[PDB]
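Student: Got a structure here, written out as C-alpha cells. Questions coming.
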Amino acid sequence: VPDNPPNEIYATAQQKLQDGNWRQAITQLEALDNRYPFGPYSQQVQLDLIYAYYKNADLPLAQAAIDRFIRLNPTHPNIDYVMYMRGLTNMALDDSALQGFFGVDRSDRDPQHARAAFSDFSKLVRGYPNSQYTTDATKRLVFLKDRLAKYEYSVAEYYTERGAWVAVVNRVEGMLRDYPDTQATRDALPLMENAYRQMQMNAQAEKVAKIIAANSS
Amino acid sequence: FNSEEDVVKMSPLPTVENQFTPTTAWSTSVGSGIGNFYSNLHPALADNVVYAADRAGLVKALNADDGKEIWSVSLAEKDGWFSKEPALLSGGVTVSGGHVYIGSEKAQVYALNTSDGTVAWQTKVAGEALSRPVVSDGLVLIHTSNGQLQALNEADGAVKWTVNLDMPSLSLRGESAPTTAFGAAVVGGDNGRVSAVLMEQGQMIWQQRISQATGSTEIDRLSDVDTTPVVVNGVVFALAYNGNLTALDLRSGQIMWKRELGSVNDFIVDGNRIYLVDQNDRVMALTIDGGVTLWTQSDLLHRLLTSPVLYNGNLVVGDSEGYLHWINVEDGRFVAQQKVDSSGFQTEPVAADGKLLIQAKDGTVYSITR
Amino acid sequence: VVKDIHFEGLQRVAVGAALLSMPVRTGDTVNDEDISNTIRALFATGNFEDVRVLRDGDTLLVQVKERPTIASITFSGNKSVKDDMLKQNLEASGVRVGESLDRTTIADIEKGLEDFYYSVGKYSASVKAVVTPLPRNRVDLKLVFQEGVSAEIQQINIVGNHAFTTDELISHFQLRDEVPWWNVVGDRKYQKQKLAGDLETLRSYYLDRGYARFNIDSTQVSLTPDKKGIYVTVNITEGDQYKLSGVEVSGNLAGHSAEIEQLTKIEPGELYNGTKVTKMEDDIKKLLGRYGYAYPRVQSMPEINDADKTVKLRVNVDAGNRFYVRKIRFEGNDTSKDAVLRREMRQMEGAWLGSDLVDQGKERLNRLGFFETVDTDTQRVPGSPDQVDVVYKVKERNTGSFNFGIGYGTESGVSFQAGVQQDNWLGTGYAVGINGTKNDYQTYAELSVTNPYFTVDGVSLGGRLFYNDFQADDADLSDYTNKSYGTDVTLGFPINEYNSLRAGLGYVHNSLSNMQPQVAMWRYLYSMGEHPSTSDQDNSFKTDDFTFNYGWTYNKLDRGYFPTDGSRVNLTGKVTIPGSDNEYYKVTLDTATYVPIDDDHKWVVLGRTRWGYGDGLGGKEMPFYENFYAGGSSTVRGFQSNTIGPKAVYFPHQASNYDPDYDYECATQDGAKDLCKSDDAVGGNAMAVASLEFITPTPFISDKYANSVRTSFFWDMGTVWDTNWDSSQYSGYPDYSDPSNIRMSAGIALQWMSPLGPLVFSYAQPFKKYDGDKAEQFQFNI
Amino acid sequence: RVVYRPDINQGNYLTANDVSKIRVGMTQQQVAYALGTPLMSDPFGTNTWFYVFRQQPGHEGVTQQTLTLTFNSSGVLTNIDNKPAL
Amino acid sequence: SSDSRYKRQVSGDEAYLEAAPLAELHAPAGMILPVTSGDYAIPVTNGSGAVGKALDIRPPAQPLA
C-alpha cells in the first residue's frame, strides 16, 4: 500500500485493476482516494475503486462508497453509473452466497435489498434512460420483478400451506394490483379459487374462474 | 495501577542546617486515629489547658505542661440509631474556657461545657457542620456546605440570622469562616460569591463577588486556598478562590478593589508585610502597596502538606512525614531542620501561649520547642 | 502608492480574484490602514488566514497560506479507552478531523478530552501531542495522553434517613465505599449517572415501604481533589405509611368490571404498599390487552388520608380497541427460511388483537435459541385508526459441526475416520449425522439424517444407519473379528406443546468371532446357553435384534448454547419385543434443569446427571455391547476414553486359534500362561453420573465476546458396577456388585466457541481414592 | 386415528349487540364505528363487507356466521346479509 | 473476484434471456382494474442494447487530466 504521487499510484492502480489485483488495487486506490479526496485523479480513483469494491465484492463497503458519494456529489451522467451500481450492490447483496453457484431453489428469499435495487434501477431507467446500461438495468429490473414476484408467491403459498386461506388471498390481491403479469401471479390464480371454495367463497371462486379462463386459454 | 500518575512530587527537604534546635518533643498520645481523613481540628491552648481528643469520640483535658490527662469522657451516643453511633467529626475544636463547643458533620452540634462538665445540648440541624463556629457577641456563626448560614447561642442555641448562599453543582468541598468586626461579619465563599453580614436578620453589605472561582470551566487542583477573610483596620484583604489577590477596603460598608496576584494558599497580615505561601506550594512575602511580592522560594516546591506558624521570630512550618520546617532570620532565611514523626502531619499549627502546638496524623502531641 | 499588485502561490483562487476579493485594488493609495484592510480581508476568509503583506515603494507583496489539512490521529495513552472513541466524541462534538486546526485549537481539544475524562468522574493527567506536517498540506497528531485514573473512590453519606438505618440503605447500592473483593458479585464504580441510579434506587425502595411523604433532597457531591475523596450526601426527607383500604373501579370498557374487582380482590383494612396495587394494575393491563383493548387509559390516585392513615384507591380504566392487526413482518432471514419463522407462530394475520399470541410466537423463536435479538416493533399503520404493523429484527446464531482428521499413519496409511454434524441441516430444517471410521482395518459406517417436519403439524422423522467392521486383528484372528449392521428410524409425538412421548424401534446385525481371554464373554455365552471353550478363543455368534424403544423428553429451556435457568428432562428405554434373536432390558434417563444466581444471568448453574441400568428379559441378559463406561470426556474429564467400569479377568487361553507368541499377554504362549486378574474397565449394567457446574464467565476476560466466549469451573463423580455380579467367580479377583466405584475430579472450563467449532481444553486432575484410574489430564474435545 | 383437532379461530368476530344496533342508511364511517373497519372488504366491486366468524374444533361440524354487507359508492348501510352458523 | 470468469457474464447464469418479457394480460370485459400501482414503469423505446451480459460493464474511457 504505497502513497505514491496520484499520477504514478493511479497508473499502477489501473495496472493492478485491468490486472485484477483487487485486494492490493483497492488498498492503493483507497490510499489515493484518502490522500486526496479531491481532484479528477481522486474521483477517478473513486469510481474505479467502488468498481474494485463491487467486483472484489465489498458490497457493504460498495454501498457505503456509493451513498457517501451521492452525499458528496448527488447528480452526474455517472448517476447512470451510480444508480446502476448502488442498485446492483443491493442486488448482489441479496445474492451473496454459494447456492448462487449450486443454482437450486433461489429467489424465494429476501428482496428488500432487491426492492431498493428495483427503485434504484427504475429511477435510473426513467430519469436516466440515457445510459450504456439502460436496457441492461432493464434486464436487472425484469429479473428482480419476476424474482420478488415468485418470492411472495412462495410465501403466500406457504401461508396457505398451513391452511389459512384468507390472508393468502389478501397477499395475492395485493401483488395483483402491484404487478399481475409475472407467471408467479397467473400461477397464483388457482390459489384464490381453491381458497374460496375452501372458505366457501363460491361466487368469488366463480368470478376468479372467469378472469383466469380469460387470462388462460 | 489505580495510582499510575506522573504528578509533580516533592521538591525535597533541603539541608538541615538549623542552629536553632528542637529542644523538646514532649510526647503524649491519645493515639487516634485521624489516619488521613479530612478535617481541620487543631490545638487550642486554652489557659494552656488542652482538652485533648481524637477521631473516635475520645476526649481528655491536658495542659501545655507535659499534658496531664484530665476530664476524660466517652464521647459517643451509645443510644440512638446505633451503639456509639460512630463518632466522626469534620468540625474544628472550639472552647470558651472549658466550654468546649463543637458541631458534627453528622448535622449535630454540642457544647461540652467543661467549665461545668458534660452539659451538652444535642442539635439536629439543617445542614452539616463543616466550618468553624465564630463565638462573637454571644453568637455562633458557621458555614455548613448546605449553602445555609445559621446562628445560635453558646450552650443553649436558637435559630437566628438565617442566610443561604449559592453552590456549584460539582458541590466542591470548600468552606469559609466569617470574619466579623463591629457586627459586620465578612465571610468567604466557595462559588466566589462573597458577603459581609450585619446580623440584622443576618443581613449583608454586598453587591459583588470575586470574578474567580471553580466548578464549570474548572481550574487547577492546586489553587487551594483556605477561604477566610482577614480584616485589619477594616481593610479586608481577600484570598480569592482562584489565584487572584484582592483588597476590600471596607469603610462603614463594603468596598472592593482587586490588586490581583495569583497563587492563593493563604496569607498572614502584619502591617505592611505579609508572609504567605503560594498555591503552587512556595512561600512568599508581600508589601501591601498594590501587590509588591518578595521572598522567593523553590526548594520545597509541591511538598504535600504545608502548615506554617510564626512565633519567637520563627515562622515554623509543618509538612507531612512528621517533618518540621523552620523559618527564622527572615529572608534571606529559608533553610529548615526537623522531622519528629513518620506518622506524618496534616493540619494547621498554632503557636499559643508562646508555646508551639502540634498534632500528628495519628498520636496526639510531641511538643517540639525551639 | 502601489501600481501593480501581485499574488504568487495561490493554487486555489485566482490572483485577480484575490485582488478583487480584498477591497483593495490597483489605483488606490495604500496606506497603513489600507494594509490593515487587506489583512482583515484575508482574515475574513474564515477557512484560511496568513498575512504577509510586504510593501516597498510602489509594489504590494501579500502572501497567504492555508493550514488545512491536518489528520490528527495517533491518540496514544489509550489504556482504559480507545482512540477511536476519542475521534468519535470529537466528530460528534463537531471536531471531526478533516481539519485546518489553527495553532489555537490544540489546547481546546486536549482539555476537551480531559474534561470528558472528568465527566466520567475520571481524570487524564497530561495530554500533549506531536505535529506531523506532511509536506502536501497534511498533518497528523501523535496524541500522547496521560491518565489520572480515579474510579473506585466511593464513600457514602446519608442524612434525613430517620426510619431506616443509614448503612442498611447504603447496602443495596452499586457505588460502594471501597469494601473488599471476596464478596464480589457486581461492581461499584462512580458515575453521575450511577449517582442518579443510587438516588432512584433508595427512592423506589423507600416508596415501596409505603412511606409516602419523602420526595425532597438537595444533591451535594463533595469532592476531595485527591483522586479519591468523594464523600457525598443528599439531604432526604423521609415519609409516612398509610393503610390500604377500599376498592372503587371505573371500567370504561365492553364490560368486565365484575371480573375487574374479582381480580382486584382487596379485602378491607389491607396494608398500604404501592407494589401490591402496582402488580394488580399490571394484571389488569394483561387482562385488557388479553381482549384486544391493549391501548387503554388508566389512572389511580391514592386517597392517602391522614388522622387515619387510610388510603382509598380511586381508579379509572378505559378500554382500548378490540381488533387491529395489519402487518406481521420480519427483518433479517435473508439467507434463512422465513417459512420456518412464520412456522413458529400460532394465529392468523387478520383477526382481533391479543399481545399474548405475538409475544408467544416471539418467545417460541427464542426457545429455539439459535439467534440473539428480539425486535417486536409494533406500530399502528399511519393512516387508519386501526391496522397495527409489526416488525421483527433478530441477530442470528449459526451452527456448523464438521470434523477433520488424517493419520497418524505411521505403520499404516494415514487413517481415515469421518464425522459430520449439520443439523437444522443448513439446506433445510433437517438434521444430518454421519460417522465413518476406516483406519486400514475397520469399516464402521454410521449415517443419520432427519427432517424437522413432515405432516400438517410438523412431525420429525429420523432414520439411522450404522454398519460395523470391527476386527483390528493383530496378525489374522483370535482378535475379535466383528461385523455389525445396525439401523433404526425415529419419531416423536408431543401434544402438551412441552413434552414428547415416544415409542420406537431399532435393528442391528452382529457378526462375531475370535473371542478374547476375558471371563466376561464366556459368562455371557453360558448365560445365553452357549458353551465356549476355556483355553481357546474359538467361539462366535450371529444375531438380529428386534427390540422396542420407548423414550420421552421435556423442555422449558430459556436459551440454547449459552443457556439460562433451563429446564429439560429426556427419557429413553429399551425393551425387546417377541420375535428377536436377543433379549435385554435397558432404561436410561438424563436431565438438565438450571437456575441462575445471577439474574442478569451472567452466572448460571448446571444441574445435569444421568442414569442407566441394563438387564435381560426373561432368561437372557443385557449384552456387553450395551454396558456402561466413562472417562476423559465432557461427562467426566481427565481420564482416558471409557475408563470407568468393572474389571473382567483373563482365563488361560494358551491355545486360542493360534494362541500367539509375544501378543495377548496375561496367559498366552509368551505371557504368564496362568490365570489372571485383568485390569480393564468392562463397564457395568447399572450407571449414574454426578456433576454440578457453574457458568462463571470470569471478569478476567475482556468482556466483549459473549456469543462465543464462556468460562466455568467443574466437578464430577464417577462409579459404574455390575448388578448381575457374583463373587463365587470373583473372590480372588475384586468384586463389583455395588455402588463402590467413586471417582472425583474438579477443574477449570473455558469456551471461546467459534460457532463453526469449539476446542475444549480439558484438564482434570482426578482426586478420589480409587484404583483402575487410567487417565489423561489432557483432552481436546471439538 | 388422531386424538384431537385443536380449536382455531378466524377474524371478524360477531356479537348480538354489534349486528343489532346497525340498520340501513348508516354511513360506512358510523358502520365501522359500530363494528370496526373489516379486514374483509371488496376492492373491485360494490362497497360490500363480509363479517365471518369461523371456528372448527376436534373434527367437528361447521361454525360460520358470514355477515356480508353492501354499500353504495358513497357508502351507506343497506341490504345487509349474514348466515349464522353456516 | 473471478475464477477465469466474470468478464462478460453476470454472476452465474444470466436470466437476461430466461426471464419473462412483457406478456400483456388482456383485461377482460369488466375486469378493468389498476394494471399496476408502483415503481414498475419503463419506456419501451430503449436499446437496442444489452440483452444478455456482453456489454461493457468494464470501466469505459473518461478524461484524466
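Residues in the C-alpha cells are named by chain (A, B, ... in the order shown) and by number from 1 within that chain; ligands are numbered from 1 in the order shown.
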Find the residues of chain A in contact range of chain E, meaning any atom within 6 Å when counting only C-alpha atoms, and list them as JSON, numbers by chain.

Tutor: {"A": [55, 56, 135, 136, 139, 177, 178, 179]}

Student: Keeping N, CA and C atoms for every residue in the selection just given, could you write it to a file as an mmCIF file, in the first residue's frame?

Tutor:
data_model
loop_
_atom_site.group_PDB
_atom_site.id
_atom_site.type_symbol
_atom_site.label_atom_id
_atom_site.label_comp_id
_atom_site.auth_asym_id
_atom_site.auth_seq_id
_atom_site.Cartn_x
_atom_site.Cartn_y
_atom_site.Cartn_z
ATOM 1 N N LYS A 55 -16.631 -5.522 -7.444
ATOM 2 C CA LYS A 55 -16.126 -6.723 -8.098
ATOM 3 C C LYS A 55 -15.326 -7.587 -7.129
ATOM 4 N N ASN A 56 -14.407 -6.985 -6.374
ATOM 5 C CA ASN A 56 -13.850 -7.632 -5.194
ATOM 6 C C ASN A 56 -14.922 -7.998 -4.176
ATOM 7 N N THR A 135 -31.056 -0.608 -21.045
ATOM 8 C CA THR A 135 -31.806 -1.849 -21.204
ATOM 9 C C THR A 135 -31.167 -2.984 -20.412
ATOM 10 N N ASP A 136 -29.915 -2.815 -19.991
ATOM 11 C CA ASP A 136 -29.324 -3.795 -19.087
ATOM 12 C C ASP A 136 -29.837 -3.620 -17.667
ATOM 13 N N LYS A 139 -32.885 -5.347 -17.813
ATOM 14 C CA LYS A 139 -32.716 -6.771 -17.549
ATOM 15 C C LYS A 139 -32.684 -7.035 -16.052
ATOM 16 N N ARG A 177 -52.676 -6.039 -7.700
ATOM 17 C CA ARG A 177 -52.685 -4.615 -8.022
ATOM 18 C C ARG A 177 -51.279 -4.026 -7.978
ATOM 19 N N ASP A 178 -50.279 -4.841 -7.640
ATOM 20 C CA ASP A 178 -48.895 -4.410 -7.786
ATOM 21 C C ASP A 178 -48.361 -4.647 -9.190
ATOM 22 N N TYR A 179 -48.286 -5.903 -9.614
ATOM 23 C CA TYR A 179 -47.704 -6.278 -10.897
ATOM 24 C C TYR A 179 -48.211 -7.658 -11.320
#

Student: Need the shell around residue C:251: protein/DNA/RNA residues with any atom at most 7 Å away, counting only C-alpha atoms. Skip same-chain ones fewer than 2 positions apart. Format as a ChimeraX atom specification?

Tutor: /C:249,253,257,316-318

Student: Export, as a JSON list (two decimals), in the first residue's frame, the selected residues with N, CA and C atoms.

Tutor:
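Saved file again35.json follows:
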[["chain", "number", "residue", "atom", "x", "y", "z"],
["C", 249, "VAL", "N", -63.66, 0.97, 41.22],
["C", 249, "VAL", "CA", -63.12, 0.78, 39.88],
["C", 249, "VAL", "C", -63.99, 1.54, 38.89],
["C", 253, "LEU", "N", -65.20, 0.16, 29.53],
["C", 253, "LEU", "CA", -64.84, -0.97, 28.69],
["C", 253, "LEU", "C", -66.09, -1.78, 28.39],
["C", 257, "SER", "N", -65.90, -5.34, 34.48],
["C", 257, "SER", "CA", -65.58, -4.73, 35.77],
["C", 257, "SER", "C", -65.93, -5.65, 36.93],
["C", 316, "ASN", "N", -59.50, 4.61, 37.37],
["C", 316, "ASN", "CA", -60.33, 4.76, 36.19],
["C", 316, "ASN", "C", -59.61, 4.18, 34.98],
["C", 317, "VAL", "N", -60.22, 3.18, 34.36],
["C", 317, "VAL", "CA", -59.60, 2.42, 33.28],
["C", 317, "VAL", "C", -60.51, 2.48, 32.06],
["C", 318, "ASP", "N", -59.92, 2.75, 30.91],
["C", 318, "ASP", "CA", -60.66, 2.96, 29.67],
["C", 318, "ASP", "C", -60.18, 1.95, 28.65]]

Student: Could you list, as a PyMOL selection string, every residue of chain C that has an atom within 8 Å of an atom of chain A, counting only C-alpha atoms?

Tutor: chain C and resi 333-339+348-350+456

Student: Hey, what's within 7 Å of residue C:388 if we count only C-alpha atoms and toss same-chain stuff fewer than 4 positions away? As a PyMOL selection string, please?

Tutor: chain C and resi 324-327+378-381

Student: Can you tell me which residues surround residue A:147 at a distance of at most 10 Å, considering only C-alpha atoms, apart from same-chain residues fewer than 3 positions away, and format the answer as a list in words?

Tutor: residues 106, 107, 108, 109, 110, 111, 114, 141, 142, 143, 144, 150, 151, 152, 153, 182 and 184 of chain A; 19 of chain E

Student: Please produce an output containing N, CA and C atoms for each residue in the selection, written as a PDB file, in the first residue's frame.

Tutor:
ATOM      1  N   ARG A 106     -33.664 -20.740  -5.735  1.00  0.00           N
ATOM      2  CA  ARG A 106     -33.357 -19.356  -5.394  1.00  0.00           C
ATOM      3  C   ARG A 106     -34.595 -18.473  -5.524  1.00  0.00           C
ATOM      4  N   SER A 107     -34.459 -17.186  -5.201  1.00  0.00           N
ATOM      5  CA  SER A 107     -35.424 -16.102  -5.400  1.00  0.00           C
ATOM      6  C   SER A 107     -36.630 -16.124  -4.462  1.00  0.00           C
ATOM      7  N   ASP A 108     -36.805 -17.142  -3.616  1.00  0.00           N
ATOM      8  CA  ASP A 108     -37.866 -17.074  -2.618  1.00  0.00           C
ATOM      9  C   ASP A 108     -37.343 -16.515  -1.305  1.00  0.00           C
ATOM     10  N   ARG A 109     -36.111 -16.024  -1.315  1.00  0.00           N
ATOM     11  CA  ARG A 109     -35.513 -15.333  -0.184  1.00  0.00           C
ATOM     12  C   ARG A 109     -35.718 -13.827  -0.330  1.00  0.00           C
ATOM     13  N   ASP A 110     -35.004 -13.051   0.478  1.00  0.00           N
ATOM     14  CA  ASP A 110     -35.307 -11.645   0.696  1.00  0.00           C
ATOM     15  C   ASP A 110     -35.159 -10.804  -0.572  1.00  0.00           C
ATOM     16  N   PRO A 111     -36.164 -10.032  -0.933  1.00  0.00           N
ATOM     17  CA  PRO A 111     -35.969  -8.967  -1.923  1.00  0.00           C
ATOM     18  C   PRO A 111     -35.824  -7.544  -1.373  1.00  0.00           C
ATOM     19  N   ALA A 114     -33.281  -6.123  -2.859  1.00  0.00           N
ATOM     20  CA  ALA A 114     -33.678  -6.204  -4.258  1.00  0.00           C
ATOM     21  C   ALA A 114     -34.735  -5.163  -4.600  1.00  0.00           C
ATOM     22  N   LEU A 141     -34.114  -5.136 -13.808  1.00  0.00           N
ATOM     23  CA  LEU A 141     -35.442  -4.855 -13.282  1.00  0.00           C
ATOM     24  C   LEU A 141     -36.414  -5.992 -13.552  1.00  0.00           C
ATOM     25  N   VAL A 142     -36.378  -6.579 -14.747  1.00  0.00           N
ATOM     26  CA  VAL A 142     -37.326  -7.646 -15.052  1.00  0.00           C
ATOM     27  C   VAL A 142     -36.974  -8.904 -14.271  1.00  0.00           C
ATOM     28  N   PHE A 143     -35.674  -9.213 -14.162  1.00  0.00           N
ATOM     29  CA  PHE A 143     -35.252 -10.260 -13.243  1.00  0.00           C
ATOM     30  C   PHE A 143     -35.812 -10.027 -11.854  1.00  0.00           C
ATOM     31  N   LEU A 144     -35.522  -8.863 -11.283  1.00  0.00           N
ATOM     32  CA  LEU A 144     -35.947  -8.530  -9.932  1.00  0.00           C
ATOM     33  C   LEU A 144     -37.460  -8.597  -9.800  1.00  0.00           C
ATOM     34  N   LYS A 150     -42.199 -14.293  -7.634  1.00  0.00           N
ATOM     35  CA  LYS A 150     -42.230 -15.696  -7.232  1.00  0.00           C
ATOM     36  C   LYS A 150     -41.843 -15.868  -5.770  1.00  0.00           C
ATOM     37  N   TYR A 151     -40.991 -14.985  -5.250  1.00  0.00           N
ATOM     38  CA  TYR A 151     -40.753 -14.945  -3.813  1.00  0.00           C
ATOM     39  C   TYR A 151     -42.053 -14.859  -3.030  1.00  0.00           C
ATOM     40  N   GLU A 152     -42.786 -13.759  -3.205  1.00  0.00           N
ATOM     41  CA  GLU A 152     -44.029 -13.569  -2.467  1.00  0.00           C
ATOM     42  C   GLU A 152     -45.017 -14.672  -2.778  1.00  0.00           C
ATOM     43  N   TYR A 153     -44.966 -15.192  -4.000  1.00  0.00           N
ATOM     44  CA  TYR A 153     -45.815 -16.312  -4.358  1.00  0.00           C
ATOM     45  C   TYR A 153     -45.513 -17.509  -3.467  1.00  0.00           C
ATOM     46  N   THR A 182     -46.213 -11.370 -14.104  1.00  0.00           N
ATOM     47  CA  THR A 182     -45.297 -12.468 -13.850  1.00  0.00           C
ATOM     48  C   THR A 182     -46.068 -13.770 -13.681  1.00  0.00           C
ATOM     49  N   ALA A 184     -45.640 -15.882 -11.663  1.00  0.00           N
ATOM     50  CA  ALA A 184     -45.983 -16.025 -10.256  1.00  0.00           C
ATOM     51  C   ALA A 184     -47.453 -15.723 -10.043  1.00  0.00           C
TER      52      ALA A 184
ATOM     53  N   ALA E  19     -35.685 -14.851 -18.441  1.00  0.00           N
ATOM     54  CA  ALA E  19     -36.772 -14.162 -17.770  1.00  0.00           C
ATOM     55  C   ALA E  19     -37.952 -13.974 -18.711  1.00  0.00           C
TER      56      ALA E  19
END

Student: Could you tell me which residues of chain D sit within 9 Å of chain C when counting only C-alpha atoms, and give me the result as a PyMOL selection string?

Tutor: chain D and resi 8-13+36-37+39-40

Student: Show me which bits of chain C are within 8 Å of chain B, counting only C-alpha atoms, as a PDB file with N, CA and C atoms, in the first residue's frame.

Tutor:
ATOM      1  N   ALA C 125      -4.128  12.731  33.281  1.00  0.00           N
ATOM      2  CA  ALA C 125      -3.038  13.545  33.799  1.00  0.00           C
ATOM      3  C   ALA C 125      -2.551  14.594  32.812  1.00  0.00           C
ATOM      4  N   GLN C 146      -1.913  11.212  28.934  1.00  0.00           N
ATOM      5  CA  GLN C 146      -1.633  10.520  30.185  1.00  0.00           C
ATOM      6  C   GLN C 146      -2.879  10.566  31.058  1.00  0.00           C
ATOM      7  N   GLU C 147      -2.973   9.643  32.008  1.00  0.00           N
ATOM      8  CA  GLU C 147      -4.208   9.428  32.745  1.00  0.00           C
ATOM      9  C   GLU C 147      -4.070   9.770  34.220  1.00  0.00           C
ATOM     10  N   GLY C 148      -5.177  10.210  34.804  1.00  0.00           N
ATOM     11  CA  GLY C 148      -5.256  10.468  36.221  1.00  0.00           C
ATOM     12  C   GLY C 148      -6.317   9.608  36.873  1.00  0.00           C
ATOM     13  N   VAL C 149      -6.349   8.328  36.498  1.00  0.00           N
ATOM     14  CA  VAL C 149      -7.456   7.416  36.767  1.00  0.00           C
ATOM     15  C   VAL C 149      -7.982   7.519  38.200  1.00  0.00           C
ATOM     16  N   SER C 150      -9.316   7.712  38.327  1.00  0.00           N
ATOM     17  CA  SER C 150      -9.940   7.883  39.633  1.00  0.00           C
ATOM     18  C   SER C 150     -11.355   7.348  39.649  1.00  0.00           C
ATOM     19  N   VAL C 159     -28.238  11.561  54.989  1.00  0.00           N
ATOM     20  CA  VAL C 159     -28.814  12.418  56.016  1.00  0.00           C
ATOM     21  C   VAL C 159     -30.290  12.593  55.682  1.00  0.00           C
ATOM     22  N   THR C 165     -31.992   2.546  58.967  1.00  0.00           N
ATOM     23  CA  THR C 165     -30.610   2.867  59.285  1.00  0.00           C
ATOM     24  C   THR C 165     -29.814   3.179  58.021  1.00  0.00           C
ATOM     25  N   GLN C 220     -25.578  17.061  46.640  1.00  0.00           N
ATOM     26  CA  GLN C 220     -24.378  17.785  47.016  1.00  0.00           C
ATOM     27  C   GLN C 220     -23.205  16.823  47.034  1.00  0.00           C
ATOM     28  N   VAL C 221     -22.488  16.792  45.915  1.00  0.00           N
ATOM     29  CA  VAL C 221     -21.389  15.876  45.659  1.00  0.00           C
ATOM     30  C   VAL C 221     -20.066  16.423  46.176  1.00  0.00           C
ATOM     31  N   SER C 222     -19.749  16.124  47.432  1.00  0.00           N
ATOM     32  CA  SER C 222     -18.462  16.506  47.988  1.00  0.00           C
ATOM     33  C   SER C 222     -17.338  15.921  47.151  1.00  0.00           C
ATOM     34  N   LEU C 223     -16.220  16.640  47.097  1.00  0.00           N
ATOM     35  CA  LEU C 223     -15.147  16.296  46.171  1.00  0.00           C
ATOM     36  C   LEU C 223     -13.806  16.641  46.791  1.00  0.00           C
ATOM     37  N   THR C 224     -13.031  15.632  47.146  1.00  0.00           N
ATOM     38  CA  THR C 224     -11.668  15.937  47.543  1.00  0.00           C
ATOM     39  C   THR C 224     -10.807  15.890  46.296  1.00  0.00           C
ATOM     40  N   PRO C 225     -10.041  16.927  46.031  1.00  0.00           N
ATOM     41  CA  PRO C 225      -9.263  16.964  44.792  1.00  0.00           C
ATOM     42  C   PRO C 225      -8.043  16.078  44.891  1.00  0.00           C
TER      43      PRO C 225
END
